[PDB]
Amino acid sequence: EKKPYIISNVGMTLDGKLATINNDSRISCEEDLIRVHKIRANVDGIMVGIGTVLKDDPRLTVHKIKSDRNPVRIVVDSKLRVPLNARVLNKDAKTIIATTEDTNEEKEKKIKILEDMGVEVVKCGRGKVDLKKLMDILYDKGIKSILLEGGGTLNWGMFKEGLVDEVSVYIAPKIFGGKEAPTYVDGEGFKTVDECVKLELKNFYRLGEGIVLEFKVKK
């Protein structure tokens, strides 16, 4: 054990938004979706936060590219708010819901239902999910590479703990605006430049009407 290699990918507007204030996220073009799916096809797991599941109900599977098998889907959900009918819980792939060790009668029942549906539930942390410990658990399961799709709040959590290895960002040629709109990285935020995350621009190229930037995280 140690922890998986983590790639953070996202599609954002020039002003760093992941969606409008009304959750409209038609940012990535077709070319970018193909690129993303190729990445999905090459990792052991895809990780996303409950916030994204609630707002977008994604499948998190390889569907617009030749697919053999799908990577494990991981959802960070502290209070187990994942809707019982969320697509991320369908049978297209294996799914793991990472929640906290906190408990109540209703939560335990929900866990039983999820397990009955073939969904695995991992308890890890108090108050909020302990990402570092979760990485150990996922590594022991054989998941050595994970595509982190976010969104904003989870990304903060991952970057704060320095668990991200590399970053790929697709920047769309548009501007959304909005102090309330979700950005690539939200959460608390670093107080000074000294403690912020450092990166190294490794590669970049246009894709469709936008551009892709690839960075390596300087740990």
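Residue indices: 1-based, along the sequence shown.
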**Prompt:** Considering only modelled residues of the same chain, in which third does the CA B-factor of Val129 rank: lowest, middle or highest?
**Reply:** middle
**Fill in**
Here the Cα B-factor of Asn104, set against its chain, lands in the third termed highest
**For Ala19, the third of its chain into which the C-alpha B factor falls** = lowest
**Asked** Looking at the C-alpha B-factor of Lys141, is it in the lowest, middle or highest third of its chain?
**Response** highest
**Message:** What third of the chain does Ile27 rank in for C-alpha temperature factor, lowest, middle or highest?
**Reply:** highest
